[PDB]
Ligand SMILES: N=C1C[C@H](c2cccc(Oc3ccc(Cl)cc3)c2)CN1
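Read the single chain below, which is given as structure tokens and is the form solved without the named molecule.
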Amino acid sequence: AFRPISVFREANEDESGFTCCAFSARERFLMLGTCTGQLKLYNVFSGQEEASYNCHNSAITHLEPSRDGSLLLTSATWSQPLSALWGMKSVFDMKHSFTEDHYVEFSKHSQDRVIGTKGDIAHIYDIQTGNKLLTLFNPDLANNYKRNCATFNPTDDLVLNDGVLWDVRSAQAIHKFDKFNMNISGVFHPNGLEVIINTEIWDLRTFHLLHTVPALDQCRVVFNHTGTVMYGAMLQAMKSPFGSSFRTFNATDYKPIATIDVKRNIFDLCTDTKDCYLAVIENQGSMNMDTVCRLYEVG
């Protein structure tokens, strides 16, 4: 079950502008991006704001804190630069920026690199220097996915970009997964064995199709930390990225668990490092922007 535990809005604002969320390394603190480009730290139980920082001059679309707690990636919708890396030690400061990338993630095993996406192109950057190490794009294998996001695999040896599997070491495309949809480019299963590209589950070894999961169509997905549950929400074709529902799946067999209809448009969802909690950003109005963060205890 998901027990509603708490709800809160952007403190002292006429209209609440939370757009995205991620749990900090610190257990009871949630980081939230806003529609005006600020990063906020909230106590997720009290709903009280602790800290605010100015990151971009447009809405934050994505946040990702590093596991050690020292770094943060942000992306914005219509700012220059579009994405940035922030230090969060003593002073909150911009380390580096990724001017043309509308989406960024850290490498997974060792978080020493950033991977940014621009359209169907992946850029890989060194965290220390900020230098672009690699541009990944192959005109012969491109799928031209409209909502492409590039990502590392769990051991950082591989990248999936626009439905193409890359060997990072050699910077060579090693396989193109055939295209079944217009938008979604796919992610790696944390088990390191499978690639989830929209409704298709591919075996990484053989490149054979393992399953078709229709309910995943047009979904962004996130896994809990233990890799046992997958959350998916369907993209809509300052508007909300998602519709009013998200779905859970058993990550070990891809069997559905629950379909949760929150009856309001969803902006984001994240889970805490202990997989005890789910945070969901939902609009109380309809595109009126007045979002709340709802916190559920995961049963």
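All residue numbers are counted from 1 along the displayed sequence.
Although it is not shown, the form deposited with the named molecule bound is what the next lines describe.
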Check your understanding: Which one of these stretches, 209-217, 129-137, 85-93, 108-116, sits within 4.5 Å of the named molecule in the deposited complex when only heavy atoms are counted?
Key -> 85-93
Point to revise | 4.5 Å heavy atom contact, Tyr53 and the named molecule in the deposited complex | key: yes
Check your understanding: Heavy atom to heavy atom, is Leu41 within 4.5 Å of the named molecule in the deposited complex?
Key -> yes
Check your understanding: So, in the deposited complex, is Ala251 in contact with the named molecule at a 4.5 angstroms heavy atom limit?
Key -> no
Point to revise | Residues in 17-34 with any heavy atom within 4.5 Å of the named molecule in the deposited complex | key: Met31
